[PDB]
Every structure is written in C-alpha cells, then in structure tokens.
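[1] 3D model of this:
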Amino acid sequence: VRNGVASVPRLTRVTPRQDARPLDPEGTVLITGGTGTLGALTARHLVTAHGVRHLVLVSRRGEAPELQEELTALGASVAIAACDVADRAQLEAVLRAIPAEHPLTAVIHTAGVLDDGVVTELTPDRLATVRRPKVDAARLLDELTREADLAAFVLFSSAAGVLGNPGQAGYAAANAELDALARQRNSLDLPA
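    Numbers count the residues shown, from 1 in each chain. Sure, structure below:
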C-alpha cells in the first residue's frame, strides 16, 4: 500500500532489451564460487560466448584444477586464490592480485550455501551464515568495485526470495536482499 493505493506482486513476461553495455574482451571478470558447478558454468559461458581470456575465481577452497586446465586450454589465463567473498581483507588482497594490465571488467556473484530449515527450527546463526557469503559478499563487491570499469554485476539469487519456498526463510531473506542491493546499484546507474 503506497500513497493510499494497494498493489499485488505478479510475474510478467519480459522481452529483453539489447541496451546493456558490452564487456571488454581483454579484461578480467570476477566470478564468486567459480569452483562450484554454477561458477564453473558461468566461467565457461563467459569464456565461450563473450570471449574473455582473463578470469578470477573466489571460493573457500581456492582451487579448481579441472576448470583451471579447461580455461588454460581455451586460452584464458585464470588466477585463483583461497578467499571467502564475505571476508574483507582476503577479498581486498585477491582483487589487488588482479593485474593492472587487465582491470576487473565485470563482477559475477554465484556464491551460496544452503542451510534450509523450518521457522520453528530457525536460529539467527543460520541467517548470518547464509547471508554472509551471498549478501555481505555482494555488498563487499559493490563497495570495492564502485570505481572499477564494471559492465555486469550478476547476483545469483534464488526463487526462494521471490516466489517463496517452505523451510528456506533465511535463504529467501538472502535472495531478497540480493535483489534489493541490485536495485540500489541500478538506481545509481551502475550495472546490476
């Protein structure tokens, strides 16, 4: 209910507009959780379709030999370091390790851990744990890369935050906060 008028949320079909700024091929793109299946898929998509030969993967383990070799074969030089995207100092160090000759051209955020639980079984620790590597990590990416040459700021939210899924209240909160941060970045005219 805004200014006396009530409205209801409905999903409407969207015809995509081809107005977004294209990515710079000879730059680097950040992909959080690249070692994961979603991160590896996004990295392969960026290498194949967009022809990007520089990629940085941020994950807890910090290693992904199969994707590293796959992107090395295709000609993409990939630098991976052990860093949680939620933590500040490690993320700053990793983004400092990005070569000056290949600035960060785009940001992709697919980091996510599932701790699904019912409300009667819900505790604040689960909320903090689920919102750290997804919401706080995206906040850190927006905070540090607000000056960089960004054309894509991808946030891998889930249907729990929009449609609603039983037993995924913290996950839904994280997804909706990701949507809110993306809207905040878009209102600034930064890509999101």
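
[2] any idea how far the most centrally placed residue in the chain lies from residue 7?
    The residue lying closest to the centre of the chain (CA atoms, centre = their mean) is residue 109, at 1.0 Å. As judged by CB to CB, to the nearest Å, residue 109 and residue 7 stand 29 Å apart. For every residue, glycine as well, the C-beta is placed using N, CA and C.

[3] cool, residue 111 as well?
    Computed as CB to CB, the residue 111 to residue 7 distance reads 33 Å.

[4] the more surrounded of the two?
    Each of residue 111 and residue 7 has its neighbours counted (other CB atoms under 10 Å); residue 111 has more, 26 against 7.

[5] and the more buried one, helix, strand or coil?
    coil (DSSP: H, G, I helix; E, B strand; the rest coil).

[6] next one: it from residue 12, what distance?
    Taking CB to CB, one finds residue 111 at 29 Å from residue 12.

[7] can you list contacts of stretch 171-190?
    The contact list for stretch 171-190, computed with CB atoms under 8 Å, 6 or more residues apart in numbering, reads 109, 112, 114-116, 127, 130-131, 134-135, 138-139, 142, 146, 150, 153, 155, 157-162, 164-165, 191-192.

[8] look up phi and psi at residue 34.
    Per-residue torsions, residue 34: phi -60, psi -30 (degrees, to the nearest 10).

[9] make sure residue 106 is indeed in a helix.
    No - under three-state DSSP, residue 106 falls outside any helix and is assigned strand.
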